[PDB]
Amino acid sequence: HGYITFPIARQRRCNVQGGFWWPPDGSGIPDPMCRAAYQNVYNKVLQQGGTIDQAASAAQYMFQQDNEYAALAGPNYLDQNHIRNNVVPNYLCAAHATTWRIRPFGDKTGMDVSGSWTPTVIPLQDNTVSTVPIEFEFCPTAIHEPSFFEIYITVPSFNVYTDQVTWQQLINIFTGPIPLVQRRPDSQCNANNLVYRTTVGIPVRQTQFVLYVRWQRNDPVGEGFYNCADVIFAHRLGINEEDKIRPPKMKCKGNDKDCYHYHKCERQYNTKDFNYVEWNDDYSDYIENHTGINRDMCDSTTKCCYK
């Protein structure tokens, strides 16, 4: 049992942010996608004839069981075709838990809705890097060995806003055992003194992407834990340093001077010869009126009457 703590797993972020134990309809959940995931399960149970308590129990079970996003592969857990067709064929971020009446594994399908999932934001020191190493931290709430991990990254065409995650959109970037190590003092895992940690080079993506982590027990029960983690690289601003021409080293003089371990925690774009705030407000209105299917075409300049 466990979950990804770095980059924080999707369901783990929803669990820790809280606000889901009460009110029962999930209206106290602040993140819109955690709230939507909760409400999809809550509304699914209500549509199928369940009471408010059955619906709140089903949706709260999805959040509470953030360390049991699991599926049983049985003894043939090394057969990739068995995993992809029988164990986790779909609803990958729910670990194929699709039955609210049967526990384990209940219904965790709210976690597979598409939309604006909140990502871990990783700043780039230089925008031309091809890979960024991240030190993964997986938090085991229950220690199980022997085991191994697989880590996947979504293909570049994946769009978190509209797509479900599927095996055909995942690229394996890590496969093998990770030994248990003592958690560091800054660890994100408070449930245990041991964590699984490893560095993987993450292919840089220009869009928000998903990392998929599989923690598979090497045993005849073949229990595996599957978690989605939402991530985005944040680009450094300014000119690409490789295109930057520097001035020659110089010393100048004249009567007009204008001629020559801790860190820090729109009207700035106004100049003496341009009111950017005013222009940009008019430009924002222009975008709204001259883009999209409901744009101003002829009505502001054409008048008609019925003969």
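When you see a residue number, it is the position in the sequence shown, counting from 1.
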| query | finding |
| --- | --- |
| Interval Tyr260-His261, deposited residues with no coordinates in the entry (none, 1 to 3, 4 to 9, 10 or more) | 10 or more |
| Residues of the deposited sequence that sit between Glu266 and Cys265 yet are not modelled | 10 or more |
| Residue stretch of maximal mean CA temperature factor, 272-280 vs 59-67 | 272-280 |
| 106-114 set against 218-226, stretch whose average Cα temperature factor tops the other in the entry | 218-226 |
| Residue with maximal Cα B-factor (values as given in the PDB entry) among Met250, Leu46, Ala37, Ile245 | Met250 |
| Ranked C-alpha temperature factor of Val155 among modelled chain residues, by third | middle |
| Modelled-residue ranking by C-alpha temperature factor, third containing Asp79 | highest |
| Third of chain Cα B-factors occupied by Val231 | lowest |
| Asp126 CA temperature factor, ranked by third within the chain | highest |
| B-factor third for the C-alpha atom of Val16 within its chain | middle |
